[PDB]
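Remarks on the overall topology
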Amino acid sequence: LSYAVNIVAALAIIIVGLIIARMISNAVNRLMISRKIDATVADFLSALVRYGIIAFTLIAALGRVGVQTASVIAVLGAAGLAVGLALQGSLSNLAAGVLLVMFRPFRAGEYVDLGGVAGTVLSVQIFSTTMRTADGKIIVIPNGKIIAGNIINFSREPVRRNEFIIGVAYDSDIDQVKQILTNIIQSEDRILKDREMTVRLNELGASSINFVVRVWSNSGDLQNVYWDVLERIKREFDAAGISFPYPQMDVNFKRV
Amino acid sequence: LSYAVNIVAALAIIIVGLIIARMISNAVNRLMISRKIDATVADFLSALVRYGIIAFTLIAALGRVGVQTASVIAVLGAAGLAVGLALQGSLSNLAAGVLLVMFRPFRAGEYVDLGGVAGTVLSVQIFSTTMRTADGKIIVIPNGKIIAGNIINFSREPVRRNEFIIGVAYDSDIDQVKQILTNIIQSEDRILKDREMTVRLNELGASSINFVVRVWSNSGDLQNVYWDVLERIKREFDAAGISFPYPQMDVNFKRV
Amino acid sequence: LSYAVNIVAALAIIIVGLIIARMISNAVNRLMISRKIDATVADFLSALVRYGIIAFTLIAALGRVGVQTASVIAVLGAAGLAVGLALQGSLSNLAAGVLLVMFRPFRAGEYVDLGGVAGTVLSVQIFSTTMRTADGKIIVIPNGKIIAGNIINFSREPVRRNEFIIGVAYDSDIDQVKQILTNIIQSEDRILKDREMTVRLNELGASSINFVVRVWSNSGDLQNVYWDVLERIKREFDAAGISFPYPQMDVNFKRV
Amino acid sequence: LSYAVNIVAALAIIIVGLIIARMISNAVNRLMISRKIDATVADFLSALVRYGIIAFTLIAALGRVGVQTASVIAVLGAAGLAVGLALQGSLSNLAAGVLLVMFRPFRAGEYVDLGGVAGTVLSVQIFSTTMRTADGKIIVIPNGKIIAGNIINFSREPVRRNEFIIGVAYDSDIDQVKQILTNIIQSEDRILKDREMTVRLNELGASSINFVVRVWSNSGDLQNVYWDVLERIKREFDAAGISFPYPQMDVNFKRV
Amino acid sequence: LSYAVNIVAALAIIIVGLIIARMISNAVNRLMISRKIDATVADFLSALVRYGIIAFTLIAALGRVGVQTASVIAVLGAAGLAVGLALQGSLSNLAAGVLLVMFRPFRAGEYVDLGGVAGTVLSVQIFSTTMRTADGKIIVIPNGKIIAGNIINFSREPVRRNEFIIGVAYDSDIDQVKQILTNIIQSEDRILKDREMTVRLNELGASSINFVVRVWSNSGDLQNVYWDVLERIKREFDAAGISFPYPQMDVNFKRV
Amino acid sequence: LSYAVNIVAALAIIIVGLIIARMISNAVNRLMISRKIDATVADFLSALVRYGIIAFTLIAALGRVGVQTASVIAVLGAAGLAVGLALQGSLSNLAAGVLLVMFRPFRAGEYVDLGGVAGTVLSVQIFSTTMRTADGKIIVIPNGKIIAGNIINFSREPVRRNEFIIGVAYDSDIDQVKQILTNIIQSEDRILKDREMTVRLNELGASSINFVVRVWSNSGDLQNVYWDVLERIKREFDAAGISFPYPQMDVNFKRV
Amino acid sequence: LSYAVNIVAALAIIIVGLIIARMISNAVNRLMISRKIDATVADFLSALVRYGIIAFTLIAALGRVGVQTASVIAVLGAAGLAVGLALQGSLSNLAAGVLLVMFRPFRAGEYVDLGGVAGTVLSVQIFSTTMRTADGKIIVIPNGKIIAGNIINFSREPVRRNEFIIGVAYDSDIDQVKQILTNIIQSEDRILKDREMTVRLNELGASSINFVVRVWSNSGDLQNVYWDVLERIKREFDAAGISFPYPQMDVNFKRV
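Each chain has its residues counted from 1 in the order its sequence is written, and this count may differ from the entry's own numbering; any residue lacking coordinates is left out. Each chain gets a letter, beginning with A, and each ligand a number, beginning with 1, in the order they are written. As a rule here, side-chain values cover all heavy atoms of the structure and leave hydrogens and water aside.

In the PDB archive, X-ray crystallography is given as the structure determination method for this entry, at a resolution of 4.370 Å.

Below is the structure:
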């Protein structure tokens, strides 16, 4: 009945091990952190290393009480698969949680459509990205769902491009409408005039004739450029005599 | 025939074990609860620890009646996978059930669209969140389905932003419509006048000309701000002589 | 050739076991039923316990005829996976079959939209819920498909809320339309007048001007409240002189 | 070279076994069929029992020719997984193939929408249900796809309910339209007058004013009740002087 | 160095086996083909039987050169799983490839909608069905995608049913329109007059009043029956004085 | 310390094996290529055979340095599953990559809709098919995505069929419109007049009466046949006096 | 107590191995890089080879401290499956990351629609492709999502093709509209006149008669060709007297 030495051989080896465990991780990601591989690639890889050691420890600590050793791998591994399954979801969120910090297709502050919802990005935490619609809402999207989808990024390209489609009446001057516009974009300062600058007759529409105007600006400029150019095209087409035709329709009339 | 000692060696070890089991969990999450790691990360992890011990116990208790030990891992593990499979669904709901309490992208009482349905959030219980449409319905969404999807949060940002689009007739004053509006938002007290405050000519529409007005308010204020500002723009555009044009259409007439 | 003792050692152990089997379940869920854990958590867990015992029994009963024991785990476990696979579907239905009875987000008799189809709920049996559209159809939805989806519940909130949107002509009295309405909801008895009670100018519409009216009632009351309030707003807007404008359209006329 | 006794030890044991196999199934579902558990739960469970015995047989019959026994479990089990995979689809169809005969949410002859396609059902065979659109087409739906989806059942509720929405002109009599209708449903014999019977002003529509009429009938009656009640409401609204208004539209006229 | 007897012990056993292999399949589906179970259930099951024998053979042929036997099951089984995975797709197509020949919900030549695309079917080969839109296109649908989906079958029901919806003006004769139609279907020979034959007032429409006419015909007849009956209803409604009303609309006129 | 013979026993067996490996594949698909089974069924099957031999080799080469042999199956097999997983995607593309060359539902040059995108098919390489929209775009579709979906094939049927729907006014000649058309298709040479050739009154439309014309042509002919037949029906309906009615609408007029 | 030789036997073998490891990879992809198989097929395959060697090393290094060896395969392999699972996502992105450098269906700079979003492609890095909408946005699409989907490629075909649909009035000259157009495309220099060049009467439309014009150009030319040809067809149809008819509608008039 000092076969209950085993009982202390357990608590010997459990704590002999738990302590040689926790220090081989602090010394695994001692190396990793200084190799500067990553912050949470360290914590994932090293707390794994730490963990397979507590794993080995439990086996010899149990074996020296009399536990089959082939059923330690069983119970552990299986009940490991429990913890796995449950946190399997979030573990995938952490993949893109690191994958979003490096590469950063979008970086904090940019405006991005991703997964259909679009806003300015506050922070990419470990599981989720937080953003703000220019509306004043907080949208929080799972990192996984983000990296699976198209990341549309409005900011990281410094030169964006406007597109006006404008309608005139069918009997308007095909050339005057081109020249008033050409001169309207020539007289704007926030329009890059080395880049694309097209104004042409695009569509023989339903009730109208549609001219398209494409003019690249600075990123920050772009929003205001449109509003200022439209402010004008309304007056300078009115003053010039051109009509923005109301929906036109020919009626063929019959008294029955 | 005292080989039926085994039969009592079972009930010895089954109950020797069941009792050393149930107390190593109460002592595992004794540590976890005081390390304050979580409420149900304790109950999940510790009732696992408790459980792999009843698992080991069944093996030696059976082995000392004469059960193959390699078919205890079989039956158990397999019939474990039964219990797993069946409750595998809800186990994932509990993931986000803890994952929603920490982080809380939305906290109790906020208004949120998540998974398309939108309401004010009562409680995030273990499997499901409960909410109330401002309509007076109870919607209960599975925690899993929530954490997989975009969490849109209207409340946690304290400053929200309205957007009026208003139409005038084509021959209205391009500047007066800007100034009446500019003065309408200047005279509102619940409008933050340090933040964005744009009023411009946005769209050369079908039958109308459309001015957009964007003015940030307080979160709670926002709903009423719109209703009060629209109450005005209707009168102050009427009194000013501006027409909100009915759908306009040119008819080209022919007696056949 | 009394090596066919084995043959009776089988039928000994098969029936020695089948009987020690069926009584350890009746005694497992003897405990479970009295611990009152559940009705079918008993039947699932206990008929599992009963079953792993018939499982062990088959192994020693075969082994004492001369069956490899490692191919009993094979055949059984594998042909177990057959039965599993086939009934794996319904086993998930039974998850939500118990999961619906406890929690009951919706209880028998309530009106609920769930999975898009909506009705009053008769019974939640083990696999499926049965409901009745207020139309007079029986819809039976799998319990699984239910618990995966939004459960929208109209009844369990005792106070519901109506929403009228009403149109007037553009030259109607912005204040009279507010006061006739305000007085129409003041004079209804089934309207909770402590709760929300808004009437405002909501939309500068196409051919009309739209006032929204939001008034909370009792759950049972709500359906009739609308019908009775609309009955009135039609007359009291007619008698008052206000026109519910037919679709308005300006024609600009030209002889060609 | 009478080590080719083994060769006959195989054909001994293969056929010794194949025959003790096929008779333990006929005697397994001898019990099952008389316990009346089911027709094809017998054939599935028993032809499994029969089968794990041909499985054991192959192992000892091969082992006594000199086949590794651990590679019989391999080949068999694996090549079992072949047969499984291939027929895994249909095996799930057979789940709902039995699951549709018991419970029968819909029974032969009823009219049901399920999976969107809707018809009258004649037979639920082992894999598939066959139905007839009231059109005269045969639609055959896989049993699996059925049990996964909403089963909408029109027949098993004996009392169904019609819903008329009818429009009048804006200047019609709000009360007369209620009384003509009330009297039209009072004078129909196939209308249950103890059940719901509402006639009210439901919608202040575009060009019309819409009254809703809800009246429960017998299941078989319901189709004809509508046709007969509409036959009337057309005449009794014509004779009464009420107009079913053609699409109304106000034109504001301008010579340009 | 006659330990390279092993080397010939391999080629002995490899070819001793390959030949006892290929003849136990020819003799397995000798039995199966004559039990007439199927054509390709033979080829699938028997070429499996043939195959697990080449499988056993490789193990003893390798073992007698000195290959671990537990790594033959490894390599084979695993590299088996390669072949499996790759052809796993088509193996499922062959399931429904046999599953379509038996049962044949649709048989060669019938017109069927299945998976949305619809045509006349001329062959169900092993993996795929081929069809012809009545347009003159060849559509080839994977057998798998077919058996998963609703099989809509127009031909196998010999009596199909037409449905005319026809509009008259609001002031047409409610009874005459019923009698002209009733007499139009009475005078057609290809209309089964024992079966359903309804003509009633179905819809109080927008600009018209709509009568529905339902008359069952022979399968082959049905296409022409409609074209011939419509040919008539156009003239016999014209000759009778009934107007098929052009879209009606009331204009309420105002000089502004 | 000539226990480093082992070290050369490795490089002995690694290269003894690598060479007996690479030549049993060249001799496996020596047989396969001459059995002409396929080009890449050879390369897949044979480079598998070659590979399980390098696999066996590594085990004995390692074992004779002192590697556990049960952890060679581990590392290999597992790190095999790495390579598998990564290239598992493309391996499925190669399935249909061979599966499209045999059967070829579409062969190079045909016009096909498959997966919704439609064009003329250049080449079916190992992973992907390349096509050209008649537009002048290159669309490259994964072979997998192709074989999973409906393959619609316009070319392989040599006789295609046009369908004109044409409208006349309500008071047009029901018979003349049939005879002008009948004679228009009688006078075309590229119309097969033995095949289907229907011209009938199909739809009592909104503002028009619609005649359908169905006439089968040669595949290549079909595109031009329509254009040439429509060229005519426009004139021969104009010359005949028949009107293609502009959208008709009855106005019921009221001075308010 | 020089049984802690083992402890140094570990650090012997761990570092004896780690170093024979890291150099057999540098020497595996020494061969691979010079066989020029690929850049990252080297890094994937070789860092695998390097890795299964650190894997073997850990087993003998642990075994000579006293670790079960069968639980090294367990812990490693299992905790391997951790790392696998987490990076399993991106590993599939790297598949198409190499798969989109070879083959390159689209090469850097081309304009492509893929996965619905369309732009000019900057770079195909290891996980993701980056592109620029001609708008001025950066869209970054996961390589996986790309190779799964249709790659539509506008550039790699050097000859693209325009398509004009133009409407005239019903009483326009069927031949003149053909000849003005024919001459408009005859007089353009950037139109390949050897390739397709069709101008025909395509659609007998609602309010108009629609002529289609198909003319192939150079890739770069195509955008401008349309704009220049439409510029003309507007004037040369105006000057010729042809009317682009406003939406036509016959009114049948009635005083009520």
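A contiguous patch of positive charge on the surface is contributed by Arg255 of chain A, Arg255 of chain B, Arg255 of chain C, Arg255 of chain D, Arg255 of chain E, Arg255 of chain F together with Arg255 of chain G. Mapped onto the fold, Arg255 of chain G is located in strand β9 (residues 248-255). Accessibility here uses a 1.4 Å probe with only protein chains present; expressed as a share of the type maximum, an area under 20% marks a residue as buried, one over 50% as exposed, and anything in between as partly exposed. Take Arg255 of chain G: its relative accessible area is 48%, and that puts it in the partly exposed class. The patch calculation keeps residues exceeding 30% relative accessible area without a salt bridge and links them within 9 Å when they carry like charges or within 5 Å when they are nonpolar (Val, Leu, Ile, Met, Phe, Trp, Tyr). All accessibility values rest on the Shrake-Rupley procedure with a 1.4 Å probe; residue burial counts only the protein chains present in the view. Take a side-chain nitrogen of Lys or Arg and a carboxyl oxygen of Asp or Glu: if they are within 4 Å of each other, that pair is a salt bridge. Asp and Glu count as negative and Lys and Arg as positive, but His and the ends of the chain are not part of the count. By convention, charge coordinates are those of NZ in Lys, CZ in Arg, CG in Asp, or CD in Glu. Strands here mean DSSP runs of E at least two residues long; helices mean DSSP runs of H or I at least four residues long; both are numbered from the N terminus.

A word on the interface of chain G and chain A. Here, residues are in contact when the closest pair of their heavy atoms is within 4.5 Å. Across the boundary between the two partners, chain G contributes 50 residues, which contact 52 residues of chain A. Two parts lose some accessible area (1.4 Å probe) when they are put together, and adding that loss for both gives the buried area. Approximately 4,700 Å² of surface area, both sides summed, lies buried where chain G meets chain A, with 60% of it carried by carbon and sulfur atoms. Our count for the contact surface shared by chain G and chain A stands at six salt bridges. The partner of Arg132 of chain G in a salt bridge is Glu157 of chain A, and the shortest N-O contact between them spans 3.3 Å. The term polar contact refers here to a pair of N or O atoms within 3.5 Å; inside protein, the definition further demands a hydrogen-donor-capable atom paired with an acceptor-capable atom, and it admits residues adjacent in sequence only when both atoms are side-chain atoms. For the interface between chain G and chain A, the tally reads 25 residue pairs in polar contact. Taken together, the elements giving at least two residues each to the side of chain G that touches chain A come down to α4 (70-99), β4 (138-142), α7 (222-238) and β9 of chain G. All amino acids are sorted into three groups, where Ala, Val, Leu, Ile, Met, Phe, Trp, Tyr, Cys and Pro are nonpolar, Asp, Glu, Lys and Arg are charged, and the leftover types, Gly among them, are polar. Split by residue class, the side of chain G that touches chain A holds 29 nonpolar, nine polar and twelve charged. At least two DSSP bridges between two strands are needed for those strands to be called paired. The pairing of strand β5 (residues 151-153) of chain A with β4 of chain G spans three bridges and is classified as antiparallel. Along β4 of chain G, the bridge assignment pairs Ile152 of chain A with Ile139 of chain G.

What follows is about the arrangement of the chains. With no contact between them, chain B and chain F keep their nearest C-alpha atoms 13 Å apart. Looking at chain D next to chain G, you find no contact at all, with the nearest C-alpha pair sitting 13 Å apart.

Looking now at the nonpolar core. Ranked by internal contacts, the top residues of the largest apolar core, which has 175 residues, are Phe237 of chain A, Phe237 of chain B, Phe237 of chain C, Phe237 of chain D, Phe237 of chain E, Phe237 of chain F together with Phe237 of chain G. Residue contacts for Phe237 of chain D: discarding those within four places in its chain leaves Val168, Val177, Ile180, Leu181, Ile242 and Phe244 of chain D. Only buried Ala, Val, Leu, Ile, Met, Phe, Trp, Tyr and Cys residues count toward a nonpolar core, and they belong to the same one when joined by side-chain atoms within 4.5 Å.

Okay, the UniProt feature "transmembrane region" in chain A next. UniProt positions are given in the numbering used here, feature names are shortened, and annotations may be inferred rather than shown by experiment. UniProt's entry tags residues 7-28, 44-64 and 67-87 of chain A with the feature "transmembrane region", counted in the numbering of this structure. The annotated region residues 67-87 of chain A carries 86% helix and 0% strand content, and the separation between its end C-alpha atoms amounts to 28 Å.

Further remarks concern the domain arrangement of chain A. All names here are of chain A. Throughout the structure description, domain borders are defined by an automatic or database domain assignment. Considered domain by domain, chain A is made up of domain 1 (3-104), domain 2 (105-156) and domain 3 (157-242). Taking the mean C-alpha position of each, domain 1 and domain 2 sit 34 Å from one another. Tallying the contact residues gives ten residues for domain 1 and 13 residues for domain 2. Interface area, domain 1 with domain 2, both sides summed: about 980 Å², of which 72% is carbon and sulfur. By the criterion of area lost to domain 2, the three top residues of domain 1 are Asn93, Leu100 and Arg104, representing 60% of everything that side buries. On the surface where domain 1 and domain 2 come into contact, there are zero salt bridges. Summed over the shared surface of domain 1 and domain 2, the result is two residue pairs in polar contact. Class assignment of the residues belonging to the side of domain 1 that touches domain 2 gives a composition of five nonpolar, four polar and one charged.

Every copy is matched to the others by a least-squares superposition of C-alpha atoms. In screw terms, the move from chain G to chain A is a rotation of 51 degrees and a rise of 0.0 Å along the axis, fitting with an RMSD of 0.0 Å. Little of the interface of chain G is mirrored in chain A, where only 16% of its interface residues are also at the interface.

All names here are of chain C. Where burial is concerned, most of strand β3 (residues 128-132) is hidden: four out of the five residues are buried. When strand β2 (residues 117-124) meets β3, the two strands line up antiparallel, connected through three bridges. Among the inter-strand pairings, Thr120 is bridged to a residue of β3, identified as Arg132. Here β2 hands over to β3 after three residues, the two strands then running antiparallel side by side. Following β3, the chain reverses through five residues before pairing antiparallel with strand β4 (residues 138-142); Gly136 in that reversal takes a positive phi of roughly 110 degrees.

Right, let's talk about the sheet that holds strand β6 (residues 159-168) of chain A for a bit. In sheet architecture, strand pairing relies on hydrogen bonds along the backbone and comes in two forms, parallel and antiparallel. Strand order in the open sheet made by the three strands is β6-β8-β7 (chain A), with antiparallel pairing throughout. A strand with exactly one partner marks an edge of an open sheet, and here the two such strands are β6 and β7 (197-204) of chain A. Along the sheet, successive strands turn relative to each other by an average axial angle of 20 degrees, direction set aside. Where β6 of chain A meets strand β8 (residues 209-218) of chain A, ten bridges bridge the pair, whose relative direction is antiparallel. Opposite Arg160 of chain A, over in β8 of chain A, you have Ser217 of chain A as the bridge partner. Each of β7 and β8 of chain A is contacted by α7 of chain G, which is oriented at about 55 degrees to β7 of chain A, the strand it contacts most. Axis lines are fitted to C-alpha atoms, over the contacting stretch for helices. Their N-to-C directions set the angle, which ranges from 0 to 180 degrees.

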